[PDB]
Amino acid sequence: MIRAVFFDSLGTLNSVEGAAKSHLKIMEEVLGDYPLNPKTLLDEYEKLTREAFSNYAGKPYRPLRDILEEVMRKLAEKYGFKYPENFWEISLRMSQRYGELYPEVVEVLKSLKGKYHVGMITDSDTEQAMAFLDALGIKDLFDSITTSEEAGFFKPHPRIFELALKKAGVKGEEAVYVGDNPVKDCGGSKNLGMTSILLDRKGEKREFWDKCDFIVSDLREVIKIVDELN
């Protein structure tokens, strides 16, 4: 029986519109005066961060702050603007103001509380995760928060799931993992016998649907799936 439902953070609980708006504001702050289109800097940042996250997948942890800073330095050298030493702080400030949850997140986490352990499992640095959670006003909705920093490895390495399962005191087969990355989240979680749910709100990731037990376009189907399983 499913006793625990764990969630990814970025791309699963925060809206892409909120993530794009916050990140555009970050790049505007970074630049401005500087004659580079912030939307282009954002595109490049998103491209180079995707590549880095791909590079580190399943590998020993390195601080995401360091990886994102490395990217931003590369972009500053590329484009000839000054790397802002306080990029991490700017990123936090913009994410706090402009980040937004998908519309159903609170309703869904709330409906799970008390009935199932509700956890988060994220690749983010712990300070980043706590920041994410606090700013979006969802910290106390989670019974456990587990990060790649704590496990020592990035998704899909098993240890991040194993840690989360240990915090919750459940076995993998008693748990569901919901995420937006079919390989890292769904594939990763399945190695511990967890039930995997992909959030693909737009059906953009059909190419990798076969890596996931369930595909939802809305998190309200998560309760649907869990109740049906049990």
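Position 1 is the first residue in the sequence shown; the rest follow in order.
Higher mean CA temperature factor, per the PDB entry, when comparing 25 to 33 with 193 to 201: 25 to 33.
The stretch with the higher mean CA B factor, choosing between 145 to 153 and 76 to 84, is 76 to 84.
Residue set 160, 120, 71, 135: peak C-alpha B-factor at 135 (per PDB entry).
Ranked by Cα temperature factor within the chain, residue 47 sits in the middle third according to the deposited record. Remark: residue 223 belongs to the highest third of its chain, ranked by C-alpha B-factor as recorded. Sort the modelled residues of the chain by CA B factor and residue 101 lands in the middle third. Among the modelled residues of its chain, residue 130 has a C-alpha B-factor that falls in the middle third, as given in the PDB entry. In this PDB entry, the Cα temperature factor of residue 185 sits in the bottom third of its chain's modelled residues, the lowest group.
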